[PDB]
Amino acid sequence: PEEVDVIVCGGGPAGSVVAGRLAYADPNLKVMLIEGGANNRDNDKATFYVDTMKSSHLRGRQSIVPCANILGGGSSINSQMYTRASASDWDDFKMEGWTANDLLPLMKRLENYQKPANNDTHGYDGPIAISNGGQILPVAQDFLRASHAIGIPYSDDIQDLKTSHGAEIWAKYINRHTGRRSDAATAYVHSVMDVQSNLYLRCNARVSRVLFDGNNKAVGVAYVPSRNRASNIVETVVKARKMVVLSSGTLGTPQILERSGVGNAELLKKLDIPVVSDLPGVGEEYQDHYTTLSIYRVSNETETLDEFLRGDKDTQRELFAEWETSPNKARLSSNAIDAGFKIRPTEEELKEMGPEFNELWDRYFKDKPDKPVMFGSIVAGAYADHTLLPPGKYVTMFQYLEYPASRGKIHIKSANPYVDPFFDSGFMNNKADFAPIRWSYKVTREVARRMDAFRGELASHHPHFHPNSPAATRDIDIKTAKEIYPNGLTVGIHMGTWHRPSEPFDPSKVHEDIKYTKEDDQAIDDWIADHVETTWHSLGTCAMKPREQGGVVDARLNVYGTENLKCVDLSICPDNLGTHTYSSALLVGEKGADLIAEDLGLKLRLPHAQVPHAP
Amino acid sequence: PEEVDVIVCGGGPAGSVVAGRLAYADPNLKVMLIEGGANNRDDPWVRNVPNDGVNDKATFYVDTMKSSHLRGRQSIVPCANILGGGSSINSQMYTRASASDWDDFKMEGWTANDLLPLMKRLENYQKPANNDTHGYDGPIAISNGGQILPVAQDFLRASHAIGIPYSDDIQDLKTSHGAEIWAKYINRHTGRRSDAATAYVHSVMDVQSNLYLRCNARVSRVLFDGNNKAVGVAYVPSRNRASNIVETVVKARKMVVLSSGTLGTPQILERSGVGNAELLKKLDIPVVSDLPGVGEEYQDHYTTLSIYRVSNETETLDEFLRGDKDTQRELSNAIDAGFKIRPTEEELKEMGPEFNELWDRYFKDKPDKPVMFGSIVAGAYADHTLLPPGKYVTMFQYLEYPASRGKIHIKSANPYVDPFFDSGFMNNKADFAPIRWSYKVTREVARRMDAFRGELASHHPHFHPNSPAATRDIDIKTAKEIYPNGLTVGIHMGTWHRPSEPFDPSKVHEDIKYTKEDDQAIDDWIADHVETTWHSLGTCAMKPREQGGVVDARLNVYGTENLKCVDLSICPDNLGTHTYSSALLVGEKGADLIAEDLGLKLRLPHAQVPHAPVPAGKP
Ligand SMILES: Cc1cc2nc3c(=O)[nH]c(=O)nc-3n(C[C@H](O)[C@H](O)[C@H](O)COP(=O)(O)OP(=O)(O)OC[C@H]3O[C@@H](n4cnc5c(N)ncnc54)[C@H](O)[C@@H]3O)c2cc1C
Ligand SMILES: Cc1cc2nc3c(=O)[nH]c(=O)nc-3n(C[C@H](O)[C@H](O)[C@H](O)COP(=O)(O)OP(=O)(O)OC[C@H]3O[C@@H](n4cnc5c(N)ncnc54)[C@H](O)[C@@H]3O)c2cc1C
């Protein structure tokens with residue numbers, strides 16, 4: 001059509017939630033969802049943002065933040081892990097109607113908890129399927145025992161919005177009955193489109209800008225094809241009688257806004273864009289979660305995912321056969337990340353994390369006991385290029401920083417919707433971020449060394465310690481290297497002294513913590529600098545806070561200085577969230593659905609449409 | 001027996017030559033050869049030196065103390081522990097020192113031209129020789145192997161490309177800058193490795209009965225009389241199984257000869273009373289002659305290995321070392337080509353004070369001495385349980401005339417206690433500069449090969465990731481062939497690497513530029529990964545006593561009579577060569593000397609070696 005009641009820009013979890021809830025609320029309400037990626041009903045599935053300028057913090061790297069480019073948003077790109085923020089995280093939006101207790105009903109509204117529940121903070125009549133997957137791999141349980149061994153208590157639920165130090169069997173966004181991944185679009189959008197026809201889906205359309213009024217009321221939206229295949233660039237305009245909603249994700253929305261005339265005035269002046277609203281905060285304060293990976297070598301008897309990732313024929317054939325014939329309990333019906341923890345440093349440990357982190361701590365964490373500092377978890381395999389990986393089997397300690405101090409930004413460089421924006425990831429531009437990440441490298445390491453499967457550290461993919469230091473990396477025992485190439489000459493030739501072998505596995509071993517110097521710390525810092533990467537949990541470019549502090553949206557997610565325009569995706573978060581952020585994006589979407597429901601005098605219909613090929 | 005004419009301690013190449021030549025000289029002369037290792041007429045049979053517990057063919061000396069020069073490492077120097085000595089535990093390479101090396105012994109009768117007839121006397125050169133420095137009616141059979149692996153031709157082409165000229169012979173005592181197809185210690189007719197014992201000793205025992213051979217016996221010391229004449233030798237079994245140590249003694253009517261190798265002989269001497277007097281007095285060993293040079297000035301060739309990754313179409317030795325595909329059963333030493341190189345005056349300017357001083361004093365006026373050796377191993381000379389999948393080649397490079405010196409000293413009169421040992425690796429800073437230089441050169445060579453498909457980052461210096469000289473690992477195109485449906489190839493997540501640009505034959509090449517911090521990265525890499533080449537020499541120097549010498553110009557231990565050292569330990573300075581040919585030569589000269597000293601005539605040609613047809617006796 002040319003005119004609809006509500007236009008929602010972007011098919012992320014947020015946009016999908018808004019469009020779905022609203023369209024299902026009233027068959028009269030005509031909403032349209034404009035998405036720049038392909039329809040997912042059935043690489044190029046992500047758009048890649050690169051640091052425009054080399055970062056001095058990352059030792060001359062240009063960090064790359066890829067984000068989703070498909071219907072369903074990030075939820076269509078992986079078998080995802082289930083995590084929720086701590087309650088203080090929302091209570092700290094300091095925004096009316098967004099407190100923990102405010103959002104709790106909604107946290108429940110969107111969940112289909114298929115697990116046994118250790119508390120009363122989950123939901124069951126929601127579209128989004130949450131389960132533990134097929135089966136738990138033994139390495140994970142091993143990880144849990146070692147973790148318990150060093151003071152990380154086992155818990156049956158670490159997502160009760162209150163646990164900050166604990167480990168668990170990590171649940172996944174995968175339906176337990178059918179074994180299919182739970183993206184937001186099929187759960188919220190396609191489910192509706194199959195039973196109603198007032199939800200218009202317009203994919204492969206990159207929203208260029210918002211069309212405004214004389215009184216700055218959102219009147220419509222102009223979109224251009226997703227790829228720039230023509231000599232001329234042509235806008236399709238579609239009007240919105242009631243509401244325009246921007247859900248193009250953290251990297252996506254501030255560009256729409258800035259090229260609509262909403263943003264920093266000085267920039268728009270530089271860019272020949274008529275100014276609609278002066279908001280220097282648009283695109284600023286970019287936040288993320290910083291990932292480091294510690295790769296360790298394990299006994300060959302261990303069940304890991306490596307043959308699959310290398311691509312052996314009979315193993316890929318066997319596992320695909322199994323995920324085909326019995327997805328109910330199939331190992332491939334998992335993300336092979338079956339266990340992890342949220343951890344916090346002890347007042348004893350704090351004494352060694354420096355001025356910078358102690359300031360950040362005293363200020364941010366000290367009074368909020370439910371906020372974790374770090375996340376860690378065990379990947380039954382090596383999350384790295386296997387053509388640079390020695391033969392054998394691995395696990396990976398996947399760890400990320402929960403609430404980084406560093407900030408980045410993204411700003412358009414042209415009014416043209418097809419030009420790359422200026423981007424600064426911001427990774428490590430605040431020194432107070434090295435200290436906790438460093439700590440994790442240590443913590444996880446300890447855990448790895450206490451596992452029944454641990455057979456060594458992968459020297460190359462670990463920090464570059466001074467060889468003579470007690471903290472050096474010890475690689476595989478001769479026994480395991482012998483079982484890897486039994487009839488192989490060369491195993492164990494010391495010629496070159498290319499490694500230092502571990503003493504073989506004596507389960508009757510008592511462990512003493514590795515002692516680290518300042519020099520060793522500097523090695524870990526360099527490693528962190530060299531290899532830290534995004535976690536794809538981008539947020540905060542269109543912050544929700546008072547304008548005078550640099551906000552862009554209302555307590556009702558209305559863009560300041562306009563009417564009928566809302567930003568409801570992850571970009572609105574004023575401060576970071578201690579979680580994998582899909583659950584957050586869904587929650588922000590649900591809240592947004594509520595707000596727009598209120599604004600339009602609408603009553604949401606629940607429960608939602610039956611998700612396709614689902615019970 | 002309890003009495004023989006000549007006792008020889010150690011069955012190495014030198015010791016084998018002495019025993020064989022003498023026993024064959026006069027059938028009446030009863031000689032006995034005592035070896036601390038096993039007999040080498042093997043049953044089962046480079047991969048011959050790792051401590052697997054299954055290594056009984058080598059003894060491992062470990063640095064008593066950690067080396068600050070080597071960033072806290074204790075270097076490990078393995079030596080041969082078997083009859084034939086080092087010549088029995090590998091597929092051997094043929095190399096000769098340059099003539100300046102011998103001329104510089106400054107010992108009468110050890111000049112290059114003096115020894116040349118001896119050099120020919122031992123060679124059975126079976127490749128065509130386009131010069132006049134080889135022998136043809138000699139025992140040790142030398143050839144070029146069958147055919148050359150393609151990567152070697154590749155390497156040679158690259159070498160020429162950076163100015164290392166091709167030569168048909170690098171072992172003519174005269175070249176210091178050139179490359180060649182490397183010839184080996186293998187008989188071309190029968191395809192068998194020509195170790196020194198089976199060539200010189202076993203040939204005699206098969207035809208005569210006056211050469212007694214005693215294996216598994218560790219010569220503990222020399223028995224001296226009142227005028228410090230060697231009367232015999234005391235030896236113990238080499239496996240210290242017995243609860244008590246009982247010495248077996250055998251007397252010597254004519255001569256005692258010590259040939260137990262560079263790490264072995266100075267110990268015998270020290271437990272005999274010949275050595276640092278303060279030391280022995282500390283060890284309650286009665287002093288026979290104070291010779292502080294004994295056990296001192298240990299020299300070697302320092303090896304570093306550069307591993308580079310190559311294309312999968314390439315034929316290398318790797319699948320073999322991995323053992324896969326029943327190829328170990330189906331199946332040269334796969335080091336078929338290399339070079340001797342010397343730095344150009346322009347390059348000298350970037351090598352620093354220490355080495356430039358060394359250059360002015362040592363190399364400047366002697367144009368035939370190469371500074372570095374390099375060669376290509378068609379496979380990765382490294383632990384494959386630490387190597388990413390795929391195929392590799394490695395630049396095997398060693399320093400020809402190192403400045404560092406180490407030492408070895410007994411720690412007790414007990415023959416079964418490990419001695420104090422210091423490899424000495426890199427304790428003279430003038431040793432870093434050339435190796436680093438070499439690291440650079442080979443890399444360039446490596447970058448210019450048609451098979452080169454990347455550098456193995458892990459095993460290369462730790463260059464700053466952002467430096468232009470950082471290493472770029474395998475290109476994505478090859479990594480794809482390694483795992484066609486592999487879900488992880490080309491994942492950028494982690495930035496653990498920087499991939500190399502894929503192969504276009506029409507590419508023009510520019511030398512890599514290095515900084516001072518990049519130079520330091522390489523100094524640290526060198527310090528971290530430098531290893532011996534098993535070319536140990538010099539612990540019992542041949543020079544005037546007042547300079548710290550131990551032996552005569554005729555190899556007699558100072559302060560005694562009827563005692564000689566005939567092995568590599570007598571070399572006063574290093575030799576720009578793999579040292580087997582050198583060890584054989586020392587042996588021949590010693591045999592000659594002992595021949596004159598006892599009024600004997602060597603019988604030439606030698607006893608016919610087992611498993612050979614009649615020797616050609618002409619090109
Ligand atoms: C590989 C990957 C793995 C992830 N794994 C997890 C996990 O395991 N657990 C977890 O909790 N979270 C995970 N996430 C993140 C999670 O998906 C996001 O945080 C969540 O989806 C946020 O939703 P969003 O709506 O805010 O942004 P998005 O989901 O990114 O929404 C982006 C959508 O809007 C489209 N769009 C963008 N720009 C425009 C434009 N100008 N015009 C029109 N449309 C546009 C986008 O192309 C896309 O369709 C992962 C993300 C990635 C990339
Ligand atoms: C693995 C290896 C590979 C090599 N490859 C090459 C090559 O390819 N090309 C080349 O030119 N050179 C090569 N060499 C070097 C060459 O083999 C030696 O340098 C040469 O043998 C030196 O001879 P030697 O007289 O010093 O006796 P050695 O070979 O050094 O050994 C002397 C003998 O004396 C015995 N012995 C030692 N101590 C005692 C003791 N107390 N009492 C009684 N007996 C004792 C030992 O068992 C030994 O057999 C290699 C060496 C090694 C270890």
# chains A, B, ... in the order shown; residues from 1 in each chain; ligands from 1
$ closest_atom_pairs --of "region 277-358 of chain A" --to "region 401-413 of chain A" --cutoff "12 Å" --atoms "only C-alpha atoms" --output "JSON lines"
{"residue": "A:280", "atom": "CA", "partner": "A:411", "partner_atom": "CA", "distance": 10.6}
{"residue": "A:281", "atom": "CA", "partner": "A:409", "partner_atom": "CA", "distance": 9.8}
{"residue": "A:282", "atom": "CA", "partner": "A:411", "partner_atom": "CA", "distance": 8.1}
{"residue": "A:283", "atom": "CA", "partner": "A:410", "partner_atom": "CA", "distance": 5.0}
{"residue": "A:284", "atom": "CA", "partner": "A:409", "partner_atom": "CA", "distance": 4.6}
{"residue": "A:285", "atom": "CA", "partner": "A:407", "partner_atom": "CA", "distance": 5.3}
{"residue": "A:286", "atom": "CA", "partner": "A:408", "partner_atom": "CA", "distance": 4.6}
{"residue": "A:287", "atom": "CA", "partner": "A:407", "partner_atom": "CA", "distance": 5.7}
{"residue": "A:288", "atom": "CA", "partner": "A:404", "partner_atom": "CA", "distance": 7.4}
{"residue": "A:289", "atom": "CA", "partner": "A:401", "partner_atom": "CA", "distance": 5.5}
{"residue": "A:290", "atom": "CA", "partner": "A:401", "partner_atom": "CA", "distance": 5.1}
{"residue": "A:291", "atom": "CA", "partner": "A:401", "partner_atom": "CA", "distance": 6.8}
{"residue": "A:292", "atom": "CA", "partner": "A:401", "partner_atom": "CA", "distance": 8.7}
{"residue": "A:293", "atom": "CA", "partner": "A:401", "partner_atom": "CA", "distance": 11.7}
{"residue": "A:341", "atom": "CA", "partner": "A:402", "partner_atom": "CA", "distance": 11.8}
{"residue": "A:342", "atom": "CA", "partner": "A:402", "partner_atom": "CA", "distance": 9.0}
{"residue": "A:343", "atom": "CA", "partner": "A:402", "partner_atom": "CA", "distance": 9.7}
{"residue": "A:344", "atom": "CA", "partner": "A:402", "partner_atom": "CA", "distance": 10.4}
{"residue": "A:356", "atom": "CA", "partner": "A:405", "partner_atom": "CA", "distance": 10.2}
{"residue": "A:357", "atom": "CA", "partner": "A:405", "partner_atom": "CA", "distance": 9.4}
$ write_last_selection --atoms "C-alpha atoms" --output "CSV table (one decimal), in the first residue's frame"
chain,number,residue,atom,x,y,z
A,280,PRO,CA,24.0,15.5,19.9
A,281,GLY,CA,23.4,12.1,21.6
A,282,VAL,CA,22.3,10.3,18.4
A,283,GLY,CA,24.9,7.8,17.6
A,284,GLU,CA,27.1,8.4,20.7
A,285,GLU,CA,27.6,6.3,23.7
A,286,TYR,CA,27.9,3.0,21.7
A,287,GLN,CA,28.2,0.1,24.0
A,288,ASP,CA,29.0,-3.6,23.6
A,289,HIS,CA,30.3,-6.7,25.4
A,290,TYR,CA,34.0,-7.5,25.0
A,291,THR,CA,34.9,-11.1,24.2
A,292,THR,CA,38.1,-13.0,24.8
A,293,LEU,CA,38.6,-16.6,24.1
A,341,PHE,CA,28.9,-18.7,35.0
A,342,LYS,CA,28.4,-15.1,36.1
A,343,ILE,CA,31.2,-14.0,38.4
A,344,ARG,CA,32.3,-11.1,40.7
A,356,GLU,CA,41.1,2.7,37.4
A,357,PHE,CA,39.0,-0.5,38.0
$ residues_around --residues "residue 413 (chain B)" --least-positions-apart "2" --cutoff "8 Å" --atoms "only C-alpha atoms" --output "MDAnalysis selection string"
chainID B and resid 271 283:285 410:411 415
$ write_last_selection --atoms "N, CA and C atoms" --output "PDB file, in the first residue's frame"
ATOM      1  N   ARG B 271      89.163 -37.391  34.949  1.00  0.00           N
ATOM      2  CA  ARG B 271      89.154 -38.389  36.000  1.00  0.00           C
ATOM      3  C   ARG B 271      90.460 -39.128  36.034  1.00  0.00           C
ATOM      4  N   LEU B 283      88.223 -32.513  44.041  1.00  0.00           N
ATOM      5  CA  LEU B 283      87.495 -33.762  43.804  1.00  0.00           C
ATOM      6  C   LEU B 283      88.344 -34.917  44.265  1.00  0.00           C
ATOM      7  N   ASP B 284      89.377 -34.596  45.027  1.00  0.00           N
ATOM      8  CA  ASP B 284      90.244 -35.593  45.616  1.00  0.00           C
ATOM      9  C   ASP B 284      90.865 -36.504  44.572  1.00  0.00           C
ATOM     10  N   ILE B 285      91.018 -36.003  43.356  1.00  0.00           N
ATOM     11  CA  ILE B 285      91.711 -36.740  42.314  1.00  0.00           C
ATOM     12  C   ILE B 285      93.157 -36.299  42.235  1.00  0.00           C
ATOM     13  N   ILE B 410      83.823 -32.545  35.048  1.00  0.00           N
ATOM     14  CA  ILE B 410      83.299 -33.649  35.843  1.00  0.00           C
ATOM     15  C   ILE B 410      82.890 -33.156  37.201  1.00  0.00           C
ATOM     16  N   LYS B 411      81.906 -33.778  37.824  1.00  0.00           N
ATOM     17  CA  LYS B 411      81.561 -33.303  39.148  1.00  0.00           C
ATOM     18  C   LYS B 411      82.023 -34.263  40.236  1.00  0.00           C
ATOM     19  N   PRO B 415      82.350 -42.230  37.509  1.00  0.00           N
ATOM     20  CA  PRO B 415      82.077 -42.175  36.073  1.00  0.00           C
ATOM     21  C   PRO B 415      80.592 -42.097  35.730  1.00  0.00           C
TER      22      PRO B 415
END
$ residues_around --residues "region 454-469 of chain B" --least-positions-apart "3" --cutoff "7 Å" --atoms "only C-alpha atoms" --output "list in words"
residues 59, 60 and 460 of chain A; 307, 308, 309, 310, 472, 473, 474, 475, 500, 512, 513, 514, 518, 521, 522 and 525 of chain B
$ atom_distance --atom1 "CA of residue 188 (chain B)" --atom2 "CA of residue 606 (chain B)"
19.2 Å
$ interface_residues --of "chain A" --to "chain B" --cutoff "7 Å" --atoms "only C-alpha atoms" --output "PyMOL selection string"
chain A and resi 59-60+309-311+384-391+460-461+468+481+485+487-498+531-533
$ residues_near_ligand --ligand "ligand 1" --cutoff "7 Å" --atoms "only C-alpha atoms and all ligand atoms" --output "MDAnalysis selection string"
chainID A and resid 9:15 34:37 66:75 77:83 205:208 247:250 252:253 256 536:538 569:571 579:583 585
$ select_by_dssp --residues "region 366-429 of chain B" --states "helix (DSSP H, G or I)" --output "PyMOL selection string"
chain B and resi 384-386+429
